[PDB]
file start-v6.cif (mmCIF, C-alpha atoms and all ligand atoms)
data_input
loop_
_atom_site.group_PDB
_atom_site.id
_atom_site.type_symbol
_atom_site.label_atom_id
_atom_site.label_comp_id
_atom_site.auth_asym_id
_atom_site.auth_seq_id
_atom_site.Cartn_x
_atom_site.Cartn_y
_atom_site.Cartn_z
ATOM 1 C CA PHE A 1 -14.439 -1.691 -4.133
ATOM 2 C CA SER A 2 -11.871 -0.042 -6.373
ATOM 3 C CA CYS A 3 -8.525 1.745 -6.179
ATOM 4 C CA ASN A 4 -6.309 3.767 -8.449
ATOM 5 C CA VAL A 5 -2.699 4.898 -8.619
ATOM 6 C CA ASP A 6 -1.855 8.516 -9.327
ATOM 7 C CA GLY A 7 -5.480 9.107 -10.312
ATOM 8 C CA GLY A 8 -5.409 6.437 -13.017
ATOM 9 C CA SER A 9 -7.933 3.852 -14.171
ATOM 10 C CA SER A 10 -9.863 1.791 -11.624
ATOM 11 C CA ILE A 11 -8.367 -1.381 -10.147
ATOM 12 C CA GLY A 12 -10.501 -4.161 -8.674
ATOM 13 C CA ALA A 13 -7.779 -6.706 -7.867
ATOM 14 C CA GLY A 14 -4.332 -7.889 -8.872
ATOM 15 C CA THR A 15 -0.835 -6.442 -9.034
ATOM 16 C CA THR A 16 -0.110 -2.815 -9.865
ATOM 17 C CA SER A 17 3.124 -0.839 -10.048
ATOM 18 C CA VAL A 18 3.353 2.218 -7.801
ATOM 19 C CA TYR A 19 6.131 4.633 -8.745
ATOM 20 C CA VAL A 20 7.681 6.738 -6.008
ATOM 21 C CA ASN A 21 10.324 9.448 -5.722
ATOM 22 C CA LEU A 22 13.068 8.543 -3.249
ATOM 23 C CA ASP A 23 15.874 10.573 -1.689
ATOM 24 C CA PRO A 24 18.604 10.456 -4.355
ATOM 25 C CA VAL A 25 21.335 10.376 -1.698
ATOM 26 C CA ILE A 26 21.443 8.604 1.649
ATOM 27 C CA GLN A 27 23.954 7.938 4.403
ATOM 28 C CA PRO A 28 23.877 4.710 6.481
ATOM 29 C CA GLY A 29 22.186 6.539 9.369
ATOM 30 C CA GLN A 30 19.432 7.853 7.106
ATOM 31 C CA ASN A 31 16.091 6.104 6.623
ATOM 32 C CA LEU A 32 13.902 6.703 3.563
ATOM 33 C CA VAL A 33 10.242 7.623 3.894
ATOM 34 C CA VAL A 34 7.893 6.387 1.190
ATOM 35 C CA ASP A 35 4.519 8.054 1.570
ATOM 36 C CA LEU A 36 2.133 5.847 -0.393
ATOM 37 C CA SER A 37 -0.829 8.059 0.495
ATOM 38 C CA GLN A 38 0.521 10.294 -2.261
ATOM 39 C CA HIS A 39 -0.195 7.569 -4.843
ATOM 40 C CA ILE A 40 -2.822 4.977 -3.890
ATOM 41 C CA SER A 41 -6.476 5.796 -3.256
ATOM 42 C CA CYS A 42 -9.484 3.536 -2.848
ATOM 43 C CA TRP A 43 -13.248 3.902 -2.613
ATOM 44 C CA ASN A 44 -16.525 2.137 -2.061
ATOM 45 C CA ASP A 45 -18.301 1.591 -5.370
ATOM 46 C CA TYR A 46 -21.787 2.358 -4.019
ATOM 47 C CA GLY A 47 -21.038 4.995 -1.422
ATOM 48 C CA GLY A 48 -23.416 5.691 1.431
ATOM 49 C CA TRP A 49 -21.964 3.016 3.732
ATOM 50 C CA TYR A 50 -24.354 0.476 2.242
ATOM 51 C CA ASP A 51 -21.978 -2.437 1.567
ATOM 52 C CA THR A 52 -18.918 -1.334 3.526
ATOM 53 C CA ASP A 53 -15.443 -2.452 2.456
ATOM 54 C CA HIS A 54 -12.901 -3.744 4.954
ATOM 55 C CA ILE A 55 -9.265 -3.456 3.947
ATOM 56 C CA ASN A 56 -6.066 -4.644 5.615
ATOM 57 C CA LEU A 57 -2.458 -5.333 4.710
ATOM 58 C CA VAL A 58 -1.257 -8.924 4.713
ATOM 59 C CA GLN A 59 1.398 -10.909 6.511
ATOM 60 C CA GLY A 60 4.332 -11.579 4.198
ATOM 61 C CA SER A 61 4.418 -8.098 2.661
ATOM 62 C CA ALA A 62 8.135 -7.412 2.384
ATOM 63 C CA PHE A 63 11.067 -5.788 0.599
ATOM 64 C CA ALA A 64 11.948 -7.146 -2.836
ATOM 65 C CA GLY A 65 14.977 -9.068 -4.075
ATOM 66 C CA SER A 66 17.996 -6.887 -3.345
ATOM 67 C CA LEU A 67 16.490 -5.165 -0.303
ATOM 68 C CA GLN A 68 15.467 -8.393 1.447
ATOM 69 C CA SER A 69 18.199 -7.646 3.980
ATOM 70 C CA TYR A 70 16.723 -4.230 4.729
ATOM 71 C CA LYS A 71 14.861 -3.368 7.926
ATOM 72 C CA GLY A 72 11.935 -1.001 8.226
ATOM 73 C CA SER A 73 8.511 -0.045 9.483
ATOM 74 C CA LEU A 74 5.127 0.145 7.785
ATOM 75 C CA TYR A 75 2.604 2.704 8.939
ATOM 76 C CA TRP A 76 -0.997 1.681 8.236
ATOM 77 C CA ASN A 77 -4.119 3.338 9.561
ATOM 78 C CA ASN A 78 -3.013 4.516 13.034
ATOM 79 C CA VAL A 79 -0.450 1.777 13.742
ATOM 80 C CA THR A 80 3.215 1.413 12.863
ATOM 81 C CA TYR A 81 4.239 -2.205 12.251
ATOM 82 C CA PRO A 82 7.658 -3.739 11.849
ATOM 83 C CA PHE A 83 8.343 -4.389 8.147
ATOM 84 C CA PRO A 84 8.389 -6.936 6.611
ATOM 85 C CA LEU A 85 4.920 -7.633 7.977
ATOM 86 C CA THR A 86 4.754 -10.674 10.216
ATOM 87 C CA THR A 87 1.039 -10.354 10.890
ATOM 88 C CA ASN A 88 -2.046 -8.883 9.255
ATOM 89 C CA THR A 89 -2.688 -5.220 10.018
ATOM 90 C CA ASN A 90 -5.722 -3.534 11.522
ATOM 91 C CA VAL A 91 -8.712 -3.008 9.246
ATOM 92 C CA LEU A 92 -9.585 0.239 7.482
ATOM 93 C CA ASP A 93 -13.265 0.595 6.615
ATOM 94 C CA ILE A 94 -14.217 2.239 3.333
ATOM 95 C CA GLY A 95 -17.810 3.274 2.681
ATOM 96 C CA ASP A 96 -17.665 6.577 0.757
ATOM 97 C CA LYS A 97 -17.491 6.869 -3.040
ATOM 98 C CA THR A 98 -15.096 9.789 -2.612
ATOM 99 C CA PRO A 99 -11.593 8.291 -2.948
ATOM 100 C CA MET A 100 -9.607 7.899 0.238
ATOM 101 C CA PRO A 101 -5.829 8.054 -0.091
ATOM 102 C CA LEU A 102 -4.433 5.035 1.721
ATOM 103 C CA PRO A 103 -2.977 5.910 5.151
ATOM 104 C CA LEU A 104 0.157 4.006 4.281
ATOM 105 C CA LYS A 105 3.841 4.856 4.648
ATOM 106 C CA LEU A 106 6.948 2.728 4.349
ATOM 107 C CA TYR A 107 10.093 3.527 6.301
ATOM 108 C CA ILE A 108 13.282 1.974 4.972
ATOM 109 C CA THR A 109 16.474 1.630 7.022
ATOM 110 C CA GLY A 116 27.291 3.453 -4.753
ATOM 111 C CA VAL A 117 23.829 2.782 -6.160
ATOM 112 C CA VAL A 118 21.818 0.892 -3.544
ATOM 113 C CA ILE A 119 18.417 1.270 -5.210
ATOM 114 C CA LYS A 120 17.903 1.360 -8.976
ATOM 115 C CA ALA A 121 15.254 3.372 -10.767
ATOM 116 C CA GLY A 122 12.722 0.858 -12.077
ATOM 117 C CA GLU A 123 13.541 -1.688 -9.380
ATOM 118 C CA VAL A 124 10.717 -3.223 -7.348
ATOM 119 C CA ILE A 125 11.721 -2.397 -3.770
ATOM 120 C CA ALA A 126 8.713 -3.742 -1.858
ATOM 121 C CA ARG A 127 5.600 -5.827 -2.455
ATOM 122 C CA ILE A 128 2.635 -4.868 -0.319
ATOM 123 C CA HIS A 129 -0.280 -7.298 -0.241
ATOM 124 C CA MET A 130 -3.665 -5.800 0.547
ATOM 125 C CA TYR A 131 -6.864 -7.735 1.258
ATOM 126 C CA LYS A 132 -10.442 -6.561 0.749
ATOM 127 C CA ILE A 133 -13.676 -8.082 2.006
ATOM 128 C CA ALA A 134 -17.028 -6.335 2.061
ATOM 129 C CA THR A 135 -20.109 -6.675 4.243
ATOM 130 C CA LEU A 136 -22.961 -8.189 2.270
ATOM 131 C CA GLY A 137 -23.117 -11.786 1.066
ATOM 132 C CA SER A 138 -19.698 -13.450 1.096
ATOM 133 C CA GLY A 139 -18.056 -10.041 1.025
ATOM 134 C CA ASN A 140 -16.583 -10.770 -2.419
ATOM 135 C CA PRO A 141 -12.982 -10.933 -1.182
ATOM 136 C CA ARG A 142 -10.224 -9.582 -3.416
ATOM 137 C CA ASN A 143 -6.435 -9.514 -3.353
ATOM 138 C CA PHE A 144 -4.299 -6.562 -4.376
ATOM 139 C CA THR A 145 -0.533 -6.319 -4.585
ATOM 140 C CA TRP A 146 1.252 -2.983 -4.729
ATOM 141 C CA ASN A 147 4.706 -3.266 -6.296
ATOM 142 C CA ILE A 148 6.619 -0.214 -5.098
ATOM 143 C CA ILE A 149 9.147 1.040 -7.643
ATOM 144 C CA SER A 150 11.620 3.918 -7.374
ATOM 145 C CA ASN A 151 11.568 6.598 -10.077
ATOM 146 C CA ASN A 152 15.215 7.340 -9.395
ATOM 147 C CA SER A 153 18.588 6.084 -8.225
ATOM 148 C CA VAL A 154 19.418 6.158 -4.535
ATOM 149 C CA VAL A 155 23.075 6.300 -3.703
ATOM 150 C CA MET A 156 25.029 5.201 -0.675
HETATM 151 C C1 LIG A 201 -16.524 -2.216 -9.545
HETATM 152 O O1 LIG A 201 -17.515 -3.009 -8.933
HETATM 153 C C2 LIG A 201 -18.687 -2.330 -8.525
HETATM 154 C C3 LIG A 201 -19.254 -1.323 -9.312
HETATM 155 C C4 LIG A 201 -20.407 -0.680 -8.883
HETATM 156 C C5 LIG A 201 -20.997 -1.039 -7.671
HETATM 157 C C6 LIG A 201 -20.429 -2.049 -6.884
HETATM 158 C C7 LIG A 201 -19.272 -2.696 -7.318
HETATM 159 O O2 LIG A 201 -18.617 -3.755 -6.567
HETATM 160 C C8 LIG A 201 -19.079 -3.929 -5.230
HETATM 161 O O3 LIG A 201 -18.660 -2.836 -4.461
HETATM 162 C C9 LIG A 201 -19.059 -2.951 -3.150
HETATM 163 C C10 LIG A 201 -18.743 -1.630 -2.402
HETATM 164 O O4 LIG A 201 -17.453 -1.213 -2.694
HETATM 165 C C11 LIG A 201 -18.375 -4.162 -2.519
HETATM 166 O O5 LIG A 201 -16.963 -4.065 -2.603
HETATM 167 C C12 LIG A 201 -18.817 -5.401 -3.265
HETATM 168 O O6 LIG A 201 -18.186 -6.589 -2.782
HETATM 169 C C13 LIG A 201 -18.471 -5.226 -4.716
HETATM 170 O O7 LIG A 201 -18.983 -6.316 -5.438
#
call {"tool": "encode", "arguments": {"input": "start-v6.cif", "output": "structure tokens"}}
result
Amino acid sequence: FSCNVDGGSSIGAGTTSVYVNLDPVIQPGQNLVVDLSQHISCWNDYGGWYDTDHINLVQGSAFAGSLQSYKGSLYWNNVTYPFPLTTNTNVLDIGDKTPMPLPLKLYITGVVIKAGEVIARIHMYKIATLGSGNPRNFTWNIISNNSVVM
């Protein structure tokens, strides 16, 4: 099982930065959408649904540092969860070698967000089908490319 970010080199586990464009200006009523399907894709390393991968997001996934006070929602694979995540999400099954963009969106409710700032840490868990399933942990550190004001 492997993923990449913005079509980059393969990732089998660990923490990776994911850079996103955010609305440069917001008013207190406005909530920011962060469509992570535009950046993260994963695939089965055999294809053919032979040793199928099972992926979910993990309890404890949350906003980072400054935004710990923020509220939001996390859309994952047909369900919209409160964010930060207080439970593990449903499982997405990955069996094709053709990359699947992750069905993952984050909704977030002067300068409030800095470019280069980690705004959320999303923990993802993988376990396959054969043997022990060779479980792996991924963390996606979501970082804004730009300032967001007000
Ligand atoms: C990059 O690693 C691989 C390269 C080539 C073929 C298989 C590879 O890893 C296996 O992939 C499987 C299907 O995704 C399952 O995820 C196994 O658990 C994992 O060991």
call {"tool": "closest_atom_pairs", "arguments": {"input": "start-v6.cif", "of": "chain A", "to": "ligand LIG 201 (chain A)", "cutoff": "6 Å", "atoms": "all atoms listed in the file", "output": "JSON lines"}}
result
{"residue": "A:1", "atom": "CA", "partner": "A:LIG201", "partner_atom": "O4", "distance": 3.4}
{"residue": "A:44", "atom": "CA", "partner": "A:LIG201", "partner_atom": "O4", "distance": 3.5}
{"residue": "A:45", "atom": "CA", "partner": "A:LIG201", "partner_atom": "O4", "distance": 4.0}
{"residue": "A:46", "atom": "CA", "partner": "A:LIG201", "partner_atom": "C5", "distance": 5.0}
{"residue": "A:51", "atom": "CA", "partner": "A:LIG201", "partner_atom": "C10", "distance": 5.2}
{"residue": "A:52", "atom": "CA", "partner": "A:LIG201", "partner_atom": "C10", "distance": 5.9}
{"residue": "A:53", "atom": "CA", "partner": "A:LIG201", "partner_atom": "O5", "distance": 5.5}
{"residue": "A:134", "atom": "CA", "partner": "A:LIG201", "partner_atom": "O6", "distance": 5.0}
{"residue": "A:139", "atom": "CA", "partner": "A:LIG201", "partner_atom": "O6", "distance": 5.1}
{"residue": "A:140", "atom": "CA", "partner": "A:LIG201", "partner_atom": "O6", "distance": 4.5}
call {"tool": "write_last_selection", "arguments": {"input": "start-v6.cif", "atoms": "C-alpha atoms", "output": "PDB file, keeping the file's coordinate frame"}}
result
ATOM      1  CA  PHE A   1     -14.439  -1.691  -4.133  1.00  0.00           C
ATOM      2  CA  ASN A  44     -16.525   2.137  -2.061  1.00  0.00           C
ATOM      3  CA  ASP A  45     -18.301   1.591  -5.370  1.00  0.00           C
ATOM      4  CA  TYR A  46     -21.787   2.358  -4.019  1.00  0.00           C
ATOM      5  CA  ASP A  51     -21.978  -2.437   1.567  1.00  0.00           C
ATOM      6  CA  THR A  52     -18.918  -1.334   3.526  1.00  0.00           C
ATOM      7  CA  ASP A  53     -15.443  -2.452   2.456  1.00  0.00           C
ATOM      8  CA  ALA A 134     -17.028  -6.335   2.061  1.00  0.00           C
ATOM      9  CA  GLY A 139     -18.056 -10.041   1.025  1.00  0.00           C
ATOM     10  CA  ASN A 140     -16.583 -10.770  -2.419  1.00  0.00           C
TER      11      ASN A 140
END
call {"tool": "closest_atom_pairs", "arguments": {"input": "start-v6.cif", "of": "range 89-139 of chain A", "to": "range 33-40 of chain A", "cutoff": "10 Å", "atoms": "all atoms listed in the file", "output": "Markdown table"}}
result
| residue | atom | partner | partner_atom | distance |
| --- | --- | --- | --- | --- |
| A:99 | CA | A:40 | CA | 9.4 |
| A:100 | CA | A:40 | CA | 8.5 |
| A:101 | CA | A:37 | CA | 5.0 |
| A:102 | CA | A:37 | CA | 4.9 |
| A:103 | CA | A:37 | CA | 5.6 |
| A:104 | CA | A:36 | CA | 5.4 |
| A:105 | CA | A:35 | CA | 4.5 |
| A:106 | CA | A:34 | CA | 4.9 |
| A:107 | CA | A:33 | CA | 4.8 |
| A:108 | CA | A:33 | CA | 6.5 |
| A:109 | CA | A:33 | CA | 9.2 |
call {"tool": "write_last_selection", "arguments": {"input": "start-v6.cif", "atoms": "C-alpha atoms", "output": "PDB file, keeping the file's coordinate frame"}}
result
ATOM      1  CA  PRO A  99     -11.593   8.291  -2.948  1.00  0.00           C
ATOM      2  CA  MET A 100      -9.607   7.899   0.238  1.00  0.00           C
ATOM      3  CA  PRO A 101      -5.829   8.054  -0.091  1.00  0.00           C
ATOM      4  CA  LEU A 102      -4.433   5.035   1.721  1.00  0.00           C
ATOM      5  CA  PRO A 103      -2.977   5.910   5.151  1.00  0.00           C
ATOM      6  CA  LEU A 104       0.157   4.006   4.281  1.00  0.00           C
ATOM      7  CA  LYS A 105       3.841   4.856   4.648  1.00  0.00           C
ATOM      8  CA  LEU A 106       6.948   2.728   4.349  1.00  0.00           C
ATOM      9  CA  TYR A 107      10.093   3.527   6.301  1.00  0.00           C
ATOM     10  CA  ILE A 108      13.282   1.974   4.972  1.00  0.00           C
ATOM     11  CA  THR A 109      16.474   1.630   7.022  1.00  0.00           C
TER      12      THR A 109
END
call {"tool": "residues_around", "arguments": {"input": "start-v6.cif", "residues": "residue 61 in chain A", "least_positions_apart": "6", "cutoff": "12 Å", "atoms": "only C-alpha atoms", "output": "list in words"}}
result
residues 68, 72, 73, 74, 81, 82, 83, 84, 85, 86, 87, 88, 89, 106, 125, 126, 127, 128, 129, 130, 131, 144, 145, 146, 147 and 148 of chain A
call {"tool": "atom_distance", "arguments": {"input": "start-v6.cif", "atom1": "CA of residue 76 in chain A", "atom2": "CA of residue 121 in chain A"}}
result
25.1 Å
call {"tool": "atom_distance", "arguments": {"input": "start-v6.cif", "atom1": "CA of residue 133 in chain A", "atom2": "CA of residue 55 in chain A"}}
result
6.7 Å
call {"tool": "closest_residue", "arguments": {"input": "start-v6.cif", "among": "A:94, A:32, A:57, A:22", "to": "residue 3 in chain A", "atoms": "only C-alpha atoms"}}
result
A:94
call {"tool": "residues_around", "arguments": {"input": "start-v6.cif", "residues": "residue 21 in chain A", "least_positions_apart": "2", "cutoff": "7 Å", "atoms": "all atoms listed in the file", "output": "list in words"}}
result
residues 23, 150, 151 and 152 of chain A
call {"tool": "closest_residue", "arguments": {"input": "start-v6.cif", "among": "A:18, A:42, A:26, A:118", "to": "residue 4 in chain A", "atoms": "all atoms listed in the file"}}
result
A:42
call {"tool": "atom_distance", "arguments": {"input": "start-v6.cif", "atom1": "CA of residue 155 in chain A", "atom2": "CA of residue 31 in chain A"}}
result
12.5 Å
call {"tool": "closest_residue", "arguments": {"input": "start-v6.cif", "among": "A:70, A:43, A:19, A:50", "to": "residue 123 in chain A", "atoms": "only C-alpha atoms"}}
result
A:19
call {"tool": "closest_residue", "arguments": {"input": "start-v6.cif", "among": "A:91, A:67, A:119, A:136", "to": "residue 153 in chain A", "atoms": "only C-alpha atoms"}}
result
A:119
call {"tool": "closest_residue", "arguments": {"input": "start-v6.cif", "among": "A:13, A:97, A:24, A:64", "to": "residue 47 in chain A", "atoms": "only C-alpha atoms"}}
result
A:97
call {"tool": "closest_residue", "arguments": {"input": "start-v6.cif", "among": "A:149, A:79, A:156, A:58", "to": "residue 25 in chain A", "atoms": "only C-alpha atoms"}}
result
A:156
call {"tool": "resolve_selection", "arguments": {"input": "start-v6.cif", "expression": "the PyMOL selection byres (((chain A and resi 142) around 6) and not hetatm)", "output": "list in words"}}
result
residues 13, 132, 141 and 143 of chain A
call {"tool": "decode", "arguments": {"input": "start-v6.cif", "residues": "range 103-124 of chain A", "atoms": "N, CA, C and O atoms", "output": "short mmCIF file (atom, residue, chain, number, x, y, z; two decimals), in the first residue's frame"}}
result
data_model
loop_
_atom_site.label_atom_id
_atom_site.label_comp_id
_atom_site.auth_asym_id
_atom_site.auth_seq_id
_atom_site.Cartn_x
_atom_site.Cartn_y
_atom_site.Cartn_z
N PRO A 103 -11.06 10.38 -0.48
CA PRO A 103 -12.33 11.10 -0.36
C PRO A 103 -12.40 11.78 1.00
O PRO A 103 -13.08 11.33 1.93
N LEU A 104 -11.69 12.90 1.10
CA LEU A 104 -11.34 13.49 2.37
C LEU A 104 -11.40 15.01 2.26
O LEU A 104 -10.68 15.61 1.46
N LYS A 105 -12.26 15.62 3.07
CA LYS A 105 -12.37 17.07 3.12
C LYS A 105 -12.45 17.53 4.56
O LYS A 105 -13.08 16.88 5.40
N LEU A 106 -11.81 18.65 4.85
CA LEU A 106 -11.85 19.24 6.17
C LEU A 106 -12.60 20.56 6.09
O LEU A 106 -12.35 21.38 5.22
N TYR A 107 -13.56 20.73 7.00
CA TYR A 107 -14.31 21.98 7.09
C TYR A 107 -13.93 22.66 8.39
O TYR A 107 -14.02 22.06 9.46
N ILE A 108 -13.47 23.90 8.28
CA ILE A 108 -12.98 24.64 9.44
C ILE A 108 -13.89 25.82 9.75
O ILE A 108 -14.19 26.63 8.87
N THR A 109 -14.34 25.92 11.00
CA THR A 109 -15.22 27.00 11.43
C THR A 109 -14.47 28.02 12.29
O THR A 109 -13.78 27.65 13.24
N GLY A 116 -6.80 40.01 12.49
CA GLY A 116 -5.79 40.04 11.45
C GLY A 116 -5.51 38.67 10.89
O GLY A 116 -6.43 37.97 10.46
N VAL A 117 -4.24 38.27 10.90
CA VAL A 117 -3.86 36.95 10.41
C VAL A 117 -4.24 35.88 11.42
O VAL A 117 -3.72 35.86 12.54
N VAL A 118 -5.15 34.99 11.02
CA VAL A 118 -5.58 33.90 11.88
C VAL A 118 -4.82 32.61 11.57
O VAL A 118 -4.52 31.82 12.46
N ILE A 119 -4.51 32.41 10.29
CA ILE A 119 -3.70 31.28 9.87
C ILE A 119 -2.49 31.77 9.07
O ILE A 119 -2.64 32.57 8.15
N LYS A 120 -1.32 31.29 9.45
CA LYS A 120 -0.07 31.65 8.77
C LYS A 120 0.28 30.66 7.67
O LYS A 120 0.09 29.46 7.82
N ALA A 121 0.81 31.18 6.57
CA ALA A 121 1.38 30.31 5.56
C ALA A 121 2.53 29.55 6.21
O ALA A 121 3.34 30.14 6.92
N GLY A 122 2.58 28.24 5.99
CA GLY A 122 3.63 27.41 6.54
C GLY A 122 3.29 26.79 7.88
O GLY A 122 4.02 25.94 8.39
N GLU A 123 2.16 27.21 8.44
CA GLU A 123 1.68 26.70 9.73
C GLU A 123 0.95 25.37 9.56
O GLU A 123 0.08 25.24 8.70
N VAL A 124 1.30 24.38 10.39
CA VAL A 124 0.51 23.16 10.44
C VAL A 124 -0.83 23.48 11.09
O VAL A 124 -0.87 23.96 12.24
#
